[PDB]
Amino acid sequence: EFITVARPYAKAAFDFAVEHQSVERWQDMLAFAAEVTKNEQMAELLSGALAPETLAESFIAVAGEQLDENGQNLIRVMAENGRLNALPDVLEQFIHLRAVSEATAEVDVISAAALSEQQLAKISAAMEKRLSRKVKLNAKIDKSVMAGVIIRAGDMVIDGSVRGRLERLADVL
Amino acid sequence: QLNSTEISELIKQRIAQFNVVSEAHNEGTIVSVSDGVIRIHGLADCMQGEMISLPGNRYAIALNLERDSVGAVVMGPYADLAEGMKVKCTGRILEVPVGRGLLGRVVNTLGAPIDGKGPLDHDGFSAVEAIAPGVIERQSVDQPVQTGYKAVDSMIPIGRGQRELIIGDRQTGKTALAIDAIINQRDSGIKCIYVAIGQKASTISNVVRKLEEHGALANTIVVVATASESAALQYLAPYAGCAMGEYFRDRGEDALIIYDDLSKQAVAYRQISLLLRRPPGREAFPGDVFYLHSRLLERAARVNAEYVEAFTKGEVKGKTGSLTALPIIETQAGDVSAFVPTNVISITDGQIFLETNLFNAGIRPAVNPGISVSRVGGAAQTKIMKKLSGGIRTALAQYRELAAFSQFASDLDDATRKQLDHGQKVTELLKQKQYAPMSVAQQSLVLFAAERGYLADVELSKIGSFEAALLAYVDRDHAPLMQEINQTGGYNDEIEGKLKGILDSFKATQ
Amino acid sequence: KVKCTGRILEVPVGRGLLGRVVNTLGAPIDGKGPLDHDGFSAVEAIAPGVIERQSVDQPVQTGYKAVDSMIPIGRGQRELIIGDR
Amino acid sequence: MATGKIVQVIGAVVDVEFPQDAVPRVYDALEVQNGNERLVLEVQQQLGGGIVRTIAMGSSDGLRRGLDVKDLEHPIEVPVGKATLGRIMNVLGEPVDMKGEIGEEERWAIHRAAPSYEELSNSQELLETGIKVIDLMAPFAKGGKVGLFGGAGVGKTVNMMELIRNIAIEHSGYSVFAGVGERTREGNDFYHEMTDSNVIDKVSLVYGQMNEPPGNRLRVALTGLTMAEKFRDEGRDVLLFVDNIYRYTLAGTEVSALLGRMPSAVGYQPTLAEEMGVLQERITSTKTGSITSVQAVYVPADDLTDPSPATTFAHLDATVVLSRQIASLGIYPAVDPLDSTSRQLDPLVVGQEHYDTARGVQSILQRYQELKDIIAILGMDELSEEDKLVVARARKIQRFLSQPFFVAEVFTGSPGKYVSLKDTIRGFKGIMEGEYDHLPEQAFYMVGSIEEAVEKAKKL
Amino acid sequence: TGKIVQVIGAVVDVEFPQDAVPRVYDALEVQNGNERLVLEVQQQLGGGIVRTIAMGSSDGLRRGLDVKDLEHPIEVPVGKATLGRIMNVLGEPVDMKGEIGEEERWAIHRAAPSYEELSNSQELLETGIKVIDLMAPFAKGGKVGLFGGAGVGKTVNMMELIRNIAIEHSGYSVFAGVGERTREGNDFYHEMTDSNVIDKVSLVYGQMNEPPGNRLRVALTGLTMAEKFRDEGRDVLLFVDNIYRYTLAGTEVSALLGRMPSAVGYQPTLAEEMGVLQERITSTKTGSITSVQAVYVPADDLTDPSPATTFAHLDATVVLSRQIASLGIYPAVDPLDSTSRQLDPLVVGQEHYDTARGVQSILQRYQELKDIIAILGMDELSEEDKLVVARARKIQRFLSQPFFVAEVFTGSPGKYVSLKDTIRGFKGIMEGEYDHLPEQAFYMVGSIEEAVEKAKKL
Ligand SMILES: Nc1ncnc2c1ncn2[C@@H]1O[C@H](COP(=O)(O)OP(=O)(O)OP(=O)(O)O)[C@@H](O)[C@H]1O
Ligand SMILES: Nc1ncnc2c1ncn2[C@@H]1O[C@H](COP(=O)(O)OP(=O)(O)O)[C@@H](O)[C@H]1O
Ligand SMILES: Nc1ncnc2c1ncn2[C@@H]1O[C@H](COP(=O)(O)OP(=O)(O)O)[C@@H](O)[C@H]1O
Ligand SMILES: [Mg+2]
Ligand SMILES: [Mg+2]
């Protein structure tokens with residue numbers, strides 16, 4: 002796992018994308034590269050002991066939909082260091098960095114069944130007061146909750162599920 | 002998974018245009034700073050051993066040219082530096098200022114003057130790192146280098162071009178013997194250099210004013226890297242002193258260089274090597290600690306006149322130059338079976354071992370026979386001194402061991418009552434006072450009237466006054482040859498007769 | 087290019103090895119021609135188990151008064167010979 | 000305005016990240032709000048990408064990641080000058096004493112370079128301490144270093160207090176006492192014994208004890224030294240006491256291990272011989288003043304070859320050994336004159352008369368050391384008529400070394416004496432060359448100049 | 002063709018096209034400033050990178066320099082042409098004379114002779130040294146090794162062996178100075194040239210001023226000339242002045258090559274690096290090499306991995322010691338540690354064997370008594386133990402000998418002692434026929450008939 006190696010590259014890509022007003026294009030460029038990193042044949046090439054320069058060129062070729070600034074430079078710098086397998090994480094960090102500057106939070110909600118869209122809009126407006134961000138809810142229908150909802154806002158979590166209260170009671174005894 | 006000194010904004014600069022080599026290869030930026038070691042990014046033009054110039058007026062030495070960064074050490078206070086400082090590469094391999102105008106100055110390890118007397122009148126610059134003359138360029142050392150000490154000029158002779166280790170425990174007269182050997186060259190055409198490594202500044206100032214008192218300072222260069230200073234300065238100081246002496250060596254002149262402590266250059270190099278994460282060996286010293294001293298001491302050499310001609314482009318035709326080294330080593334608790342002491346014993350030619358027991362007993366200088374040797378031997382001596390003092394060090398090698406074994410009584414008194422009174426009076430007359438150097442004539446007459454009897458029966462133990470009267474009688478009246486036996490070094494029967502005559506003539510008045 | 091044989095280091099073995107000088111791969115090095123071996127055997131093998139052993143009750147003679155009298159060796163024993171150079 | 004963020008916390012080591020251009024320098028001080036209390040961090044390394052690795056001058060517990068860190072643009076700074084006399088402070092120059100606040104006019108950074116070469120005093124001088132044993136057998140160079148090697152109970156504290164008193168009353172200097180890595184009990188009872196002796200008004204105390212995080216025990220010695228330097232600049236002669244320099248070495252070893260550097264000859268840090276010299280090189284005489292230093296030394300496993308003793312002995316000018324045998328004899332100060340040593344007993348440094356007087360005293364005492372063993376097995380009457388005389392003179396020399404201290408009156412009642420060097424030279428010449436043979440040995444005990452010995456013999 | 006990408010001290014990394022990467026001992030060339038520097042490749046990393054050791058000073062090297070791929074290993078001149086001359090590690094002439102006139106050049110990396118090709122000989126070789134050929138006799142075509150710390154006598158002895166065998170010997174000779182003083186190489190060269198024997202001695206020097214690569218490969222380039230003279234059917238003498246410096250120069254480089262350190266710092270490959278050299282210096286059925294190697298032991302520790310792993314490769318091991326040298330008893334050989342393959346009754350005769358073993362036995366018995374003599378004094382010894390003590394001290398003195406090469410450290414004339422005379426003398430001492438002389442009668446004498454004379458003059 003290489004969160005720690007991806008942090009510098011994600012920060013550099015993002016801090017460059019705001020100097021050139023193209024965060025939105027960079028995100029999809031990195032998403033394309035992150036997908037090419039997963040192919041079964043390309044993953045065989047990335048493991049072999051090719052020279053960084055020719056291995057970078059063998060990676061540029063499969064992605065022509067890239068800027069001069071973005072692919073032909075970032076991919077080469079990551080190849081010199083042998084970091085290309087880190088691309089799937091350089092993407093996520095990038096997304097995260099963006100959500101920080103844009104003052105956004107990807108709050109996740111979990112429930113036994115769909116919410117009434119009055120409950121859900123109240124949740125949105127209430128979390129935006131709990132936090133200091135524009136929230137973007139996405140729901141999940143997990144049956145083991147049975148009733149109530151779990152609200153996860155990163156590392157913070159609020160558990161209102163009947164199963165959580167049941168198994169808390171089981172330890173009150 | 003670890004980072005390798007690639008960071009967000011440098012990656013951003015590469016993002017702007019991959020071929021940043023379109024920028025100058027002449028400069029870079031500091032990237033990290035730790036315990037005097039520095040990491041630099043850029044400097045595509047840097048070459049190993051190069052001086053890199055930092056903001057302010059400071060230099061670093063490029064030790065590592067790695068895949069993307071240069072590792073260097075800072076020659077001075079490093080805490081003032083910070084990330085991102087622009088740094089420029091001077092295209093010069095480390096070079097110190099050198100010349101005969103340095104005589105009488107006290108200078109930093111970089112040839113920056115440390116006395117208050119202004120800039121240097123140096124001749125040029127010369128590389129701190131060099132390879133000594135080859136095997137075909139040397140010449141056999143057969144000229145005497147005179148120290149003031151009756152003990153070493155007799156038992157442990159030194160010769161221009163030789164390398165004498167002075168090894169002993171702390172506070173046993175090592176620096177005394179070294180600066181007295183320097184003082185004795187005051188009027189013998191042979192230049193001096195004293196490089197102090199890791200010494201505390203009070204001592205260095207005291208020895209500097211002591212050299213000035215006796216008039217020797219006008220003849221010597223002093224290079225100083227005190228105990229407070231960065232490890233890189235302490236580790237590179239003796240190479241600067243060697244580069245300063247090698248100038249006189251290569252001009253067909255004579256120089257004598259004294260490294261005041263190689264056992265602390267070794268410690269500074271160990272610090273530098275362990276901060277660079279290199280695997281250590283025995284006693285935690287690096288693997289190449291031997292190659293630290295050898296390529297230094299191997300530069301003290303005597304070169305034939307063809308090499309001086311080829312070097313000076315013909316200008317000095319037919320003179321032979323030499324550089325004589327006397328490194329000092331401090332050994333813990335008197336044992337020489339240790340890594341660095343044995344490493345240096347394996348490089349220098351001779352070995353003057355000063356013993357703490359003798360030193361406490363009042364025998365000074367405490368030159369221990371049997372352990373001390375001169376691998377050049379009698380070839381270095383004036384033939385008078387060579388003949389008078391034939392084999393006495395090996396005589397004392399057994400006198401000591403036998404006086405140690407036969408402790409209960411003087412049994413088997415065949416001649417042991419003569420042997421171990423001769424060997425006692427010889428020790429008692431080798432005793433000497435510092436700053437009192439005895440010319441070869443005074444040493445030669447004294448040795449003759451000890452070594453073939455004439456004083457093996459008279460255990461008078463009033464020897465200091467007897468000799469102080471002898472050397473005064475022979476100076477005032479009895480001998481003008483004191484300026485002839487000290488001009489030639491000759492050993493005739495015709496002069497032996499005159500020596501016997503003056504001997505008995507003085508004897509008959511004590 | 088490298089090809090993987092599915093085999094494991096095997097070595098010649100037999101009575102024809104008796105009296106020869108051989109390198110660790112079974113090749114003759116004494117120069118007296120090829121081996122009269124009796125097939126091949128695997129270099130890495132499993133020792134006999136507990137129930138397959140038998141008690142050591144037969145002498146193997148060294149011919150040294152010091153060893154055979156006070157440090158006997160039996161057929162099937164393992165005796166370290168340890169010392170300085 | 001705070002600008003950094005804490006990024007790691009591992010034990011006492013804290014990493015903080017700054018903007019790429021605002022990176023602190025190497026020995027700068029940062030600070031953090033660790034709950035309510037502020038915490039000071041001393042930078043130790045600059046890593047790549049704006050990260051800086053520092054060591055906490057305090058308890059590391061309770062620190063989150065991401066806390067705001069404020070970058071002070073200067074190293075640790077402490078108060079200096081007269082205001083600090085009689086107080087107690089910790090490394091950060093804060094009163095751990097409870098007498099309120101220090102009204103200092105000025106603050107100095109604890110890190111600086113030693114005196115330059117052209118700045119040292121072009122002279123060599125002795126320090127008249129006023130104690131017979133030290134002045135005779137182990138003189139002090141003004142600006143030198145001195146080792147104290149005794150154990151406990153031997154009266155070490157009373158020796159330090161007598162020195163603190165004499166350097167202030169007879170000379171006109173002050174004193175700094177830096178207690179690094181020692182028991183808190185001993186510092187408390189030392190402060191109380193100094194206030195019960197009216198010397199507290201003349202000494203400034205700094206403490207980092209065993210219960211302190213590594214960085215405090217490391218930098219306390221530099222705090223004491225930088226106060227002594229402010230006293231030096233004023234033109235005075237200063238005494239600096241280091242209660243255990245071995246603990247300064249050992250705390251440097253601990254910090255080095257925390258930073259993750261490779262272990263040196265015996266596990267010590269690789270920077271041992273430089274960390275020691277950076278301290279000991281500031282203790283020098285200058286042509287404005289001088290700092291003399293008295294350092295209690297501890298030898299691991301009684302090994303004088305271990306790298307720590309081996310590195311310390313390179314800097315010491317004198318060495319005073321305290322022995323319990325001399326104290327059991329009721330002789331105070333309990334200085335052992337045979338092992339006590341100084342490299343100023345050089346006949347050209349101190350003179351021929353002093354040198355030969357010390358050598359004679361030593362020879363007499365080390366002859367008595369063997370005559371005592373002969374007596375112990377054969378009886379007194381086996382000694383020849385000459386040995387019986389050297390014993391009689393040895394037992395008098397051995398007692399003229401004792402002295403009454405101005406601070407020891409609470410034990411002996413005697414008014415306490417300050418003896419000039421030439422007067423003790425005279426007295427020991429006398430006793431040694433047979434003069435004063437005609438009075439009993441008890442006439443020399445616990446007395447000042449030899450004229451007082453003859454007058455006590457009169458009264459006796 | 003390739004470019005430098007790193008420079009760490011003595012080691013250099015070079016990048017080549019993957020279709021042209023050099024092999025693992027080829028030589029490469031770089032224009033270092035104005036000089037020409039040779040690199041020897043040690044490793045093939047991935048990506049076309051290659052790690053090399055610089056056969057020269059590494060300073061001045063930029064990364065990005067172009068390097069030229071010589072497609073052959075280091076090769077040195079060999080044969081008759083190389084006799085009266087001094088050569089570099091690269092086989093270049095280092096005396097100021099012209100080029101070498103060789104017709105043939107050999108690669109310095111070669112395989113050891115096969116097992117069926119070896120030959121073994123019992124023919125004893127005589128030296129004018131009492132202790133060596135009493136306690137540790139060695140044979141024509143065998144290996145000798147002199148072990149000692151620093152300052153104990155290894156070089157003064159090797160020079161005495163050179164004088165006593167290498168001059169009154171027909172065939173050629175080779176001297177390799179691996180990491181020793183240049184002063185001694187110049188002295189040896191001028192002694193040979195002033196004795197008109199230089200026409201038979203071929204010299205190679207990698208002295209201790211040189212960077213690690215020269216000290217690393219100089220021993221191999223000397224062994225190659227010895228091997229060429231061997232293959233011509235001749236019999237050769239090979240003197241290696243310090244083989245320890247061959248392993249040491251590897252250790253200095255080992256860490257930079259990226260190899261995890263082993264026992265006391267040495268490289269992991271210490272025993273293989275040593276065996277690959279020691280095993281090709283051997284006699285064969287076509288020719289023989291008789292060799293003398295000095296073997297430095299660091300810190301006088303005979304159990305350090307390098308001496309310990311070197312002991313196995315020698316036939317006769319003469320162990321020098323500092324304790325004996327401090328007594329002035331040169332040559333400072335320790336007879337309770339020196340041994341030889343040839344010290345068997347079926348090779349050296351029963352009388353020689355018995356004399357040597359009796360000497361060992363009573364010196365060991367004296368060793369066993371030293372510790373009690375130290376505590377209680379010599380008066381507690383039994384009446385027959387005082388006799389073994391006295392005879393042991395007289396043997397220790399009689400083992401000393403003056404040397405023709407030590408004739409400038411002392412003044413004593415050098416002495417040559419025949420094997421018959423030395424066993425005749427030691428057999429005489431052991432059985433007490435010389436009990437009446439003092440110890441000093443035996444110090445620094447030749448045969449025993451000189452000790453009986455020295456006794457008269459005290
Ligand atoms: N021949 C001598 N006679 C009398 N005293 C001597 C003699 N030589 C040296 N000394 C004295 O010994 C003292 C110590 O000598 P010195 O300082 O030269 O030793 P050192 O080797 O420099 O010790 P270190 O460098 O470890 O301090 C000096 O003060 C000097 O006065
Ligand atoms: N100068 C002196 N005069 C009289 N008694 C003394 C003197 N110095 C020390 N003592 C005695 O020695 C004792 C030693 O105790 P203390 O000073 O606490 O030892 P330490 O200080 O080493 O722990 C003192 O309490 C006192 O009784
Ligand atoms: N027979 C001998 N007579 C006198 N000195 C000897 C003798 N053998 C050895 N030595 C001493 O050995 C010293 C060290 O030189 P050397 O033997 O070459 O050392 P190393 O063993 O380190 O090469 C010489 O200076 C010399 O005094
Ligand atoms: Mg000194
Ligand atoms: Mg040698």
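Protein chains in written order, with the entry's author numbering: chain W, 2 to 174; chain C, 2 to 511; chain A, 87 to 171; chain E, 0 to 459; chain F, 2 to 459.
In this text, a Cβ means the ideal position worked out from N, Cα and C, and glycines have one as well.
Mind pulling the chain F residues with CB within less than 8 Å of residue i?
| i | result |
| --- | --- |
| C/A61 | The contacting residues do not exist; C/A61 stays about 15 Å from chain F at best. |
Using a threshold of 8 Å, is the CB atom of residue i nearer than that to any non-hydrogen atom of ligand 5?
| i | result |
| --- | --- |
| C/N220 | no |
| F/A295 | yes |
Are the C-beta atoms of residue i and some chain F residue less than 9 Å apart?
| i | result |
| --- | --- |
| A/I115 | yes |
| W/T55 | yes |
| W/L51 | yes |
Between residue i and chain W, is there a C-beta pair that is closer than 9 Å?
| i | result |
| --- | --- |
| F/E228 | no |
| C/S9 | yes |
For residue i, which residues in chain A fall below 8 Å Cβ to Cβ?
| i | result |
| --- | --- |
| F/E117 | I115, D116, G117 |
Using a C-beta cutoff of 9 Å, does residue i count as contacting chain C?
| i | result |
| --- | --- |
| F/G61 | yes |
Between residue i and chain A, is there a C-beta pair that is closer than 9 Å?
| i | result |
| --- | --- |
| residue 1 of chain F | Examination of residue 1 of chain F is not possible in this model, given that chain F is present from 2 through 459 alone. |
| F/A113 | no |
Using beta-carbon positions only, say whether residue i and residue j come within less than 9 Å of one another.
| i | j | result |
| --- | --- | --- |
| E/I199 | E/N158 | no |
| W/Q94 | W/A11 | yes |
| F/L29 | F/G65 | no |
| C/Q382 | C/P145 | yes |
| C/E10 | W/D90 | no |
In chain C, which residues lie less than 7 Å from residue i when you measure between Cβ atoms?
| i | result |
| --- | --- |
| F/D232 | The premise fails here: F/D232 is roughly 28 Å from chain C at the closest Cβ pair, so nothing lies under 7 Å. |
| E/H314 | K201 |
Taking C-beta pairs closer than 7 Å, name the residues in chain W that residue i reaches, listed in chain order.
| i | result |
| --- | --- |
| C/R15 | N74, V78 |
Hey, which residues come within less than 6 Å of ligand 4, measuring from Cβ to any heavy atom, in chain order? This criterion selects C/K175, C/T176.
Which residues neighbour ligand 2 when neighbourhood means a C-beta less than 6 Å away from any of its non-hydrogen atoms? List them by chain order. Any heavy atom of ligand 2 within less than 6 Å of a residue's beta carbon puts that residue on the list, which reads E/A151, E/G152, E/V153, E/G154, E/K155, E/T156, E/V157, E/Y331, E/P332, E/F404, E/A407, E/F410, E/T411.
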